[PDB]
Amino acid sequence: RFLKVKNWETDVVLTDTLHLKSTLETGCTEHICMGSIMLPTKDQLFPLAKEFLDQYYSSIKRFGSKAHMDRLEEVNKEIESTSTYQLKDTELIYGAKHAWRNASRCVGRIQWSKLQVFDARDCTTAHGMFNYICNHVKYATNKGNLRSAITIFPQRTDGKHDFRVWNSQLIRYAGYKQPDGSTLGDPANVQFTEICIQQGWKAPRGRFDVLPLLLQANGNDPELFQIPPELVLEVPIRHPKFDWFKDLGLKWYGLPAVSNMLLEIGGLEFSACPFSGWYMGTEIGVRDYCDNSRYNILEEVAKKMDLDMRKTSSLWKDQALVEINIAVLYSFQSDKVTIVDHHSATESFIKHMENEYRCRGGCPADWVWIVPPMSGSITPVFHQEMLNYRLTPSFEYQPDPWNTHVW
Amino acid sequence: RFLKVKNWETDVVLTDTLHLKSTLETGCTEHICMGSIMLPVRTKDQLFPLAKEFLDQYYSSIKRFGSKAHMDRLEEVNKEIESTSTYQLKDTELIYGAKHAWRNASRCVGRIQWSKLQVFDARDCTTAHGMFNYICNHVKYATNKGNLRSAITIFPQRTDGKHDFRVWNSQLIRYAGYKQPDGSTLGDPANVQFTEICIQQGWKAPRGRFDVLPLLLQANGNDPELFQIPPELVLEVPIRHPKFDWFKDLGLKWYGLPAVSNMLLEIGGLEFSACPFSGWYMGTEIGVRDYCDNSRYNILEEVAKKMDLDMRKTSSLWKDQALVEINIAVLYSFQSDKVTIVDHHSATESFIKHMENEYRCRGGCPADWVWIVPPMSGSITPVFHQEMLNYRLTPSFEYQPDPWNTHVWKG
Ligand code: HEM
Ligand code: HEM
Ligand SMILES: Cc1cc(N)nc(CCc2cncc(CCc3cc(C)nc(N)c3)c2)c1
Ligand SMILES: Cc1cc(N)nc(CCc2cncc(CCc3cc(C)nc(N)c3)c2)c1
Ligand SMILES: Cc1cc(N)nc(CCc2cncc(CCc3cc(C)nc(N)c3)c2)c1
Ligand SMILES: Cc1cc(N)nc(CCc2cncc(CCc3cc(C)nc(N)c3)c2)c1
Ligand SMILES: [Cl-]
Ligand SMILES: [Cl-]
Ligand SMILES: [Zn+2]
Ligand SMILES: [Zn+2]
Ligand SMILES: [Zn+2]
């Protein structure tokens, strides 16, 4: 099966062969495409381990070698005996990097081979998880010169002793339902904030309160910890032309760090594996600030701009959107905190995708997520056909643990 | 079976049952999604089930399923197919079929309008000259001096595939493109190939930036013939900006009538290879796609230069700034000239209302997110956070290859 993808701006056609290695299911069928849906034993374990070890040994040009066969032998014996196995440090690093490489929704993958991997498999307690996470935050932040990193806690055993970070991101702001009926802070985080308060957090009750970590070790009830304030780098948002923009009192945090996903390597499952990169500007300026269910700031900004807001066709929303995104980029750049604009990021991804087709035979990509949430068609990803499929090692969505945990 | 879709802004959940009536394939499998791939003579045997499926649908819509009239029509069509290898649609069935092809068009954000479609029956047409007259009449009716009305003109169906009616133009009104010896393009680069064909067939090209192409029309499988649409029937809008007085001197204009002429209409297994249809523009189609695609008029740089934007780094978002102003100009210009146009906020809000109504009254609304989301400011429109299900219902509009690749030249 050779599949062709065309770029409609450049007429360039690429051939994908890598999809033939796809394992997991898409949710689509021959009858119905679900491309726009957000969430569409010993016996099982050895084939998964073999598939992975085969790809690993092939990557280091040692496929079919004595070391290859011996390692397969070693792992087989370990699974038969213990019902599981442990990855070598080399295998863990390779697996984490490839999980990023394989992430079809990530526009930033040109960077995939430069990931710092922190092995936290020796961690046993929630206090130990906190120390590791602070160290990740400080390393990744690096005084504004951000470095990609992942911290990997112990793998799932019987499923009754899971390590989990309850937070969706390591750094994120609290949300509070008001007597007024509105929401103060980030509406995305109202439920998690409540759980935090319920578990004893003393909430400051402001618009940008950094949430504490709720950390679960070894299947135990989660415990609360506050990240040292001085490790959380934040940027106040101002505009290069509009003096009034600072008066909106907006800020954001510098470090985007996903903490709710599951890392699968060689059939093993790492349910706590926080990872971090740096922001694309639209993530803050379009998603976090302008989604109606988020900080929802479009109307306030347009008002300060004195735009004609009576008619949609004046494009007042589009004008204010652009200015908000200009201010996000300017503020991060002025404070020397790494950020990438959507033009630069998508150009890089296209270059990455071409590299991947030539050296790997393809690059799985989800167009719905790869195309930026503003100015889509003026970026080089819009007219690029993409094929979406699932390769392992992988990062997988997992449900919020409070729906699952038994106290 | 039931499939659920969620809206991630409102948490509204809807349930699709209509997908059960989908027949044709998507291109996707359990292992690979082809959601962003742009392109992912029947026998008696296959034709009668297709005819019956259609007629059952039609008679249900008029609340006459199982009636004598329904049963009599099935028998009549069966006997026509067995005897002549095909059948003719009644005028009522043709109208219903064309409206439903539009209703079913998963890439169309304008479908709130689907039941308001003027159908011109051109199945008595026999010559290219005849096609030309029908097409002029469509253009005049649809244009309505700027108060645009949706319309479709339907030419005779496929017989043996050797006698097809085709409009060779991709759109009824579109501008010429000319490749220069230095490798630059004058006019619309999308139409260079078709323009060369027109010139070869005898068109005297003005060689300007906005030359309306001639129609190239094929009747009954014959070689196509050239006709010029009368200039007085082609409504155009000069583009200016409400605040920037220099915008007019960019010399931009566009035509008012968007009219697709290269698609195939399938109704009850019958294939209408020439079926031009038209509505009115969403502003971004002109201001984003036609003006700003790098492979089209590609005006972003010139506009940004005139705005004196900082163009040294992409992070100043100069491209984004220029794009908004161009799109303001397009909407302003059409509105000022009283030519129907819809902005992307209005169009997507109306589509979501249409979609929710369809889920309630019909059990679903197939939709292609990739095409439905506008090409600028996506996430601030109500379609961006709407989950959609894409599947194929008939009657339908289908892509067909450009006829110059397939035509047997007679001489
Ligand atoms: C280095 C800079 C990085 C940039 C600029 C970047 C960019 C992005 C963006 C813009 C998104 C989608 C957000 C949206 O559409 O609103 C995303 C998603 C994602 N990225 Fe990256 N990324 C980076 C690093 C990383 C790293 C280090 C990893 C893992 C090691 C990673 C894995 C993922 C995954 C798994 C998703 C999908 C997340 C989900 O399903 O919620 N990315 N990336
Ligand atoms: C009445 C106003 C209408 C509006 C505002 C509208 C809007 C649009 C837009 C914006 C697109 C996609 C263009 C793009 O993504 O650049 C589209 C596609 C399409 N529409 Fe409509 N539409 C209208 C009427 C019609 C009518 C009358 C029909 C047929 C009877 C129709 C059938 C289609 C089809 C088949 C496509 C996909 C075209 C292709 O594959 O090339 N629409 N519509
Ligand atoms: C490492 C990294 C770097 C970066 N620049 N951006 C990201 C995106 C993080 C991100 C932020 N906000 C929202 C999401 C989506 C969360 C999300 C929600 C649901 C329901 N399903 C999913 N698969 C995912 C992801 C990650
Ligand atoms: C369709 C789409 C496109 C794109 N470029 N990025 C994304 C992912 C990021 C994203 C943006 N806006 C909104 C969301 C949903 C956030 C969200 C997450 C959860 C758990 N519950 C909710 N009700 C809502 C995610 C999605
Ligand atoms: C009736 C109608 C009204 C309206 N406002 N817009 C449209 C969209 C017309 C349109 C304009 N430019 C480009 C296209 C895409 C052409 C196209 C190209 C390819 C390769 N495959 C396809 N299925 C389609 C469509 C149609
Ligand atoms: C991905 C996508 C999104 C969207 N919203 N609309 C469309 C359809 C309209 C559209 C816009 N720009 C470009 C094209 C392709 C036009 C095109 C057509 C042909 C035949 N050859 C080419 N090289 C290019 C179509 C496509
Ligand atoms: Cl968004
Ligand atoms: Cl476009
Ligand atoms: Zn959003
Ligand atoms: Zn699909
Ligand atoms: Zn385009």
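Colleague: Would you mind going over the site of ligand 6 with me for this structure?
Modeller: Taken together, A:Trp8, A:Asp11, A:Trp367, A:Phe382, A:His383, B:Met38, B:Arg289, B:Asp293, B:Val370, B:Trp371 and B:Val373 make up the full set of residues adjacent to ligand 6. This site is not confined to one chain, since residues near ligand 6 come from chains A and B. Between ligand 6 and A:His383 there is a distance of 3.3 Å, counted from a nitrogen atom to a side-chain nitrogen or oxygen. Within the complex, the protein chains bury 67% of what would otherwise be the 600 Å² of accessible surface of ligand 6. In terms of residue class, the shell around ligand 6 is made up of seven nonpolar, one polar and three charged.

Colleague: Looking at this structure, I do not really get the coordination of the iron atom of ligand 1. What am I missing?
Modeller: Octahedral metal centres with six donors ideally show angles of 90 or 180 degrees, and tetrahedral centres with four donors ideally show 109.5 degrees. Within the protein, just one atom coordinates the iron atom of ligand 1: A:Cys106 (SG), at a distance of 2.5 Å. Mapped onto the elements of the fold, A:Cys106 is located in the loop between helix 3 (89–101) and strand 3 (116–119).

Colleague: Hey, could you run me through the sheet that holds strand 13 (residues 261–265) of chain A in this one?
Modeller: Sheets are built from strands paired through backbone hydrogen bonds, the pairs being either parallel or antiparallel. Residues and elements named next belong to chain A. Ordered by their spatial adjacency, three strands build an open sheet running 14-13-18, and the pairing between neighbours is antiparallel. Strands at the two margins of the open sheet, each flanked by one partner only, are strand 14 (268–270) and strand 18 (394–397). Across the sheet, the mean angle separating the axes of adjacent strands is 30 degrees when strand polarity is ignored.

Colleague: Is there a simple way to explain the environment of A:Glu299 in this structure?
Modeller: Residues and elements named next belong to chain A. Looking at where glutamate 299 falls in the secondary structure, it is placed in helix 7 (residues 298–304). Once the C-alpha coordinates of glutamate 299 and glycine 144 are considered, the two residues, 155 residues apart in sequence, prove to be 31 Å apart. Apart from residues no more than four positions distant in its own chain, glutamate 299 is found in contact with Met309 and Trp316.

Colleague: Would you mind showing me how to read the nonpolar core here?
Modeller: Most often, soluble globular proteins keep nonpolar side chains buried together rather than apart. A:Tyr289 and B:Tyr291 are the most contacted members of the largest nonpolar core, which totals 125 residues. If we ignore the near neighbours within four places in the chain, the residues touching A:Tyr289 are A:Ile237, A:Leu250, A:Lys251, A:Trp252, A:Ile284, A:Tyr295, A:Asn296, A:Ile297, A:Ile324 and A:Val328.

Colleague: For this particular structure, what's the right way to read the domain arrangement of chain A?
Modeller: Where the parts come together, the accessible area they lose is often given as the size of the interface. All names here are of chain A. In terms of domains, chain A is made up of domain 1 (16–121 + 148–158 + 262–276 + 346–370), domain 2 (122–147 + 162–233 + 397–401) and domain 3 (234–256 + 279–344). Between domain 2 and domain 3, the C-alpha centre-to-centre distance is 25 Å. The interface is formed by 20 residues belonging to domain 2 together with 19 residues belonging to domain 3. For the pair domain 2 and domain 3, the two sides together bury roughly 1700 Å², of which 54% comes from carbon and sulfur. Linking domain 2 with domain 3 are one salt bridge. For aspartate 186, the salt bridge is made with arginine 294, and the minimal N-O distance between the two is 2.8 Å. At the junction of domain 2 with domain 3, the criterion picks out eleven residue pairs in polar contact. With three residues, helix 4 (residues 126–141) is the single largest residue contributor to the side of domain 2 that touches domain 3. Along the lines of polarity and charge, the residues of the side of domain 2 that touches domain 3 split into eleven nonpolar, five polar and four charged.

Colleague: Teacher, can you tell me more about the site of ligand 4 here?
Modeller: Around ligand 4 lies a shell formed by A:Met38, A:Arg287, A:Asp291, A:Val368, A:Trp369, A:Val371, B:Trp8, B:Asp11, B:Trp369, B:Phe384 and B:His385. Near ligand 4, the surrounding residues are drawn from chains A and B. Measuring from a nitrogen atom of ligand 4, one finds a backbone N or O atom of A:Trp369 at 3.5 Å. At 3.5 Å, a backbone N or O of A:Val371 approaches a nitrogen atom of ligand 4. When grouped by side-chain class, the residues that make up the shell around ligand 4 number seven nonpolar, one polar and three charged.

Colleague: What exactly am I supposed to notice about the coordination of the zinc ion (ligand 11) here?
Modeller: Donor atoms from the polypeptide that bind the zinc ion (ligand 11) are A:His383 (NE2), B:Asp293 (OD) and B:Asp293 (OD), placed at 2.1 to 2.7 Å. Under the relative-accessibility criterion, A:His383 is labelled buried at 12%. Under the relative-accessibility criterion, B:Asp293 is labelled buried at 8%.

Colleague: Can you walk me through the pairing of strand 8 (residues 213–216) of chain A in this structure?
Modeller: Looking along a regular strand, one sees the side chains alternate between the two faces of the sheet. Residues and elements named next belong to chain A. Burial of strand 8 is two-sided: the residues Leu213 and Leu215 facing one way and the residues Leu214 and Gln216 facing the other way are all buried. Here strand 5 (residues 164–165) pairs with strand 8 via two bridges, running antiparallel. Residue pairing across strands places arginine 164 opposite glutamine 216, the latter belonging to strand 8. Between strand 8 and strand 9 (residues 223–225), which pair antiparallel and follow one another directly, the connecting turn spans six residues, one of which, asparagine 218, has a positive phi of 60 degrees.

Colleague: Looking at this structure, how should I read helix 4 of chain A?
Modeller: Residue and element names in this part refer to chain A. With 16 residues, helix 4 should cover 22 Å at 1.5 Å per step; its first-to-last C-alpha distance of 22 Å lies within 8% of that length. The set of residues buried in helix 4 consists of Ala126, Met129, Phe130, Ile133, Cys134, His136, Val137, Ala140 and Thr141. The arc that holds every buried residue of helix 4, seen down its axis, measures 160 degrees, which confines them to one face. Opposite the buried face of helix 4, by more than 90 degrees, sit the exposed residues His127 and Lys138. Among the structural elements, strand 3, strand 4 (149–152), strand 5, strand 8, strand 9 and strand 15 (275–276) are those in contact with the buried residues of helix 4. Of the residues flanking the end of helix 4, it is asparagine 142, one or two places downstream, whose phi is positive at about 55 degrees.

Colleague: Before we go on, may I ask you to explain the pairing of strand 8 (residues 215–218) of chain B in this structure?
Modeller: Residues and elements named next belong to chain B. Burial of the side chains of strand 8 extends over both faces: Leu215 and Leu217 are buried on one face and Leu216 and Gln218 on the other. For strand 5 (residues 166–167) and strand 8, the ladder comprises two bridges, and the chain directions are antiparallel. Bridge pairing in strand 8 places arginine 166 opposite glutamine 218. As defined by bridge partners, strand 8 adjoins strand 9 (residues 225–227) across three bridges and the pair is classed as antiparallel.

Colleague: Is there a simple way to think about the sheet that holds strand 9 of chain A in this case?
Modeller: Residues and elements named next belong to chain A. In space, the three strands of this open sheet follow the order 5-8-9, with antiparallel pairing throughout. Two strands lie at the open edges of the sheet, namely strand 5 and strand 9, each paired on one side alone. Where helix 4 meets the sheet, its contacts fall on strand 5, strand 8 and strand 9, and the angle it forms with strand 8 comes to roughly 130 degrees.

Colleague: Mind showing me how you'd approach the interface of chain B and chain A here?
Modeller: Of the residues lining the interface, 61 residues belong to chain B; the matching set on chain A comes to 63 residues. Here chain B packs against chain A, burying approximately 5200 Å² in sum over the two surfaces, 59% of which is carbon and sulfur. Across the chain B-chain A interface, the total number found is zero salt bridges. Scanning the region where chain B abuts chain A turns up 34 residue pairs in polar contact. Contributing elements (two or more residues each) for the side of chain B that touches chain A: strand 1 (3–6), helix 6 (283–292), helix 8 (318–336), helix 9 (344–362) and helix 10 (369–372) of chain B. The element best represented in the side of chain B that touches chain A is helix 8 of chain B, accounting for ten residues. Residues that form the side of chain B that touches chain A fall into these classes: 28 nonpolar, 24 polar and nine charged.

Calculation rules
Residues numbered from 1 in each chain as written, not as in the entry; some residues may be left out. Chains lettered and ligands numbered in written order. Heavy atoms only, no water. Near = heavy atom within 4 Å. Polar contact = N/O pair within 3.5 Å; in protein donor to acceptor, adjacent residues only side chain to side chain. Areas by Shrake-Rupley, 256 points an atom, 1.4 Å probe, with all protein chains shown as cover. Nonpolar A, V, L, I, M, F, W, Y, C, P; charged D, E, K, R; others polar. Donors = N, O, S within 2.8 Å, 3.2 Å for Na, K, Ca; no water. Helix = DSSP H or I, 4+ residues; strand = E, 2+ residues; numbered from the N terminus. Pairing = 2+ DSSP bridges. Axes fitted to C-alpha atoms, helices over the stretch in contact; angles between N-to-C directions. Contact = heavy atoms within 4.5 Å. Core = buried A, V, L, I, M, F, W, Y, C linked by side-chain atoms within 4.5 Å. Buried < 20%, exposed > 50% of the residue type's maximum accessible area, 1.4 Å probe, protein only. Domains from an automatic or database assignment. Buried area = accessible area lost by both parts, 1.4 Å probe. Salt bridge = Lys/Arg side-chain N within 4 Å of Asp/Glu carboxyl O. Expected span 1.5 Å × (residues − 1). Arc of directions from axis to C-beta.

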